[PDB]
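Okay, so here's the structure we're looking at.
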Amino acid sequence: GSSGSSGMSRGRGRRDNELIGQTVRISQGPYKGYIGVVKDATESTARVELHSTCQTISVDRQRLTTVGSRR
Numbered sequence: 687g688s689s690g691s692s693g694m695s696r697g698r699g700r701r702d703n704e705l706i707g708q709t710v711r712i713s714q715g716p717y718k719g720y721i722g723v724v725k726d727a728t729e730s731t732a733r734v735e736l737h738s739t740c741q742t743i744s745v746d747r748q749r750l751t752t753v754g755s756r757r
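For the sequence shown, the residue numbers in the deposited numbering are 687 to 757.
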């Protein structure tokens, strides 16, 4: 039926799983120039799932260049 959670609040500030799902493009490492979706966000790394190799690899959050369609 039509049921829901009394409160519509998930996180107070900015959840570490925010960047999770965004398109990131590796700039460093052996995967330089590779695209992937951030699956997990680490303190000094980020588990991204490549599109081609369709594999989940961890890379420095910084080493990752957040992608974003432009003109």
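Ideal Cβ placement from N, Cα and C applies to all residues, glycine included.
| Given residue 702 as reference, the closest of 741, 689 and 726 once Cα atoms are compared | Indexing the sequence shown from 1 puts residue 702 at position 16. Ranking 741, 689 and 726 by Cα distance to residue 702 puts 726 first.
| said: What residue range does the beta strand (DSSP E) around residue 744 cover? | reply: Start at 1 with the first residue of the sequence shown, and residue 744 comes out as number 58. It spans 742-745 - the beta strand (DSSP E) in which residue 744 sits, taken as one unbroken run.
| task | Give me the Cα-Cα distance between residue 722 and residue 713, rounded to the nearest whole angstrom. | result | By 1-based counting over the sequence shown, the position of residue 722 is 36. By 1-based counting over the sequence shown, the position of residue 713 is 27. The alpha-carbon atoms of residue 722 and residue 713 are separated by roughly 12 Å.
| field | Burial state of residue 753, where buried means 16 or more other Cβ atoms lie within 10 Å | value | The count along the sequence shown starts at 1 and reaches residue 753 at position 67. Looking at its Cβ environment, which holds fewer than 16 other Cβ atoms inside 10 Å, residue 753 is exposed.
| Which partner residues does residue 735 have in the DSSP bridge list? | Taking the sequence shown and counting its residues from 1, one reaches residue 735 at position 49. Bridge pairing for residue 735: 723 and 742 [DSSP].
| field | Paired residues, beta bridge with residue 750 - DSSP | value | The residue given as residue 750 occupies position 64 in the sequence shown. BP columns for residue 750 point to 712.
| said: Comparing C-alpha positions only, which one of 715, 737 and 731 sits nearest to residue 709? | reply: Position 23 of the sequence shown, counting from 1, holds the residue named residue 709. Per the Cα distances, 737.
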